[PDB]
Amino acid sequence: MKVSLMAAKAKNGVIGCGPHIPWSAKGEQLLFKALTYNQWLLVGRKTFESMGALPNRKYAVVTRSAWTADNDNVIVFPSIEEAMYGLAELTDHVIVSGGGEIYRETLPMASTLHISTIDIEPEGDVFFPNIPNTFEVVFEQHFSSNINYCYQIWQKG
């Protein structure tokens, strides 16, 4: 099973401010919707609660508590290793879609990264990890918008 990771980060590394993503970049949500369409997503419990079970995707959520989802489109796991093992029975591909914690915990498992960098430097208390040099950019495209953004695909060599 292949693990991808999709994230949007501000120029200063911020990805979150409390339970909110602290920018609104017109156009960027299209990439996220387009690349995740009918995909399996792996998210942390907090991210899942902020985003919800959006239509046309399937969800693996991890929690350390007895927390549960209300939805036969979501599988809840007690660990990332269990989620990975369970997902590999259902699909050959999962896209890690966030939580700062989940990103830190799964970045060494990822073999391709979908990284949108937003031309803004907001306040926030949740950050994206530094991208290790195990990965290289293989595609990049710039977008002008109300807030500009740059989409890069990174591959593990």
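The first residue of the sequence shown is number 1, and the count goes up from there.
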Of the choices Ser97, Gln39, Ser116, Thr68, which one's C-alpha carries the largest B-factor in the record?
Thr68
Looking at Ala34, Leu54, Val61, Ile102, which one carries the largest C-alpha B-factor according to the PDB entry?
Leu54
Determine, from the deposited record, the chain-internal third of the Cα B-factor for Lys11: lowest, middle or highest.
highest
What third of its chain's C-alpha B-factors does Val137 belong to: lowest, middle or highest?
lowest
For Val43, does the deposited CA B-factor place it in the lowest, middle or highest third of the chain?
lowest
Quick one: classify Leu30 as lowest, middle or highest third of the chain based on its Cα B-factor.
lowest
Within this chain's modelled residues, let me know which third the CA B factor of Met1 belongs to: lowest, middle or highest.
highest
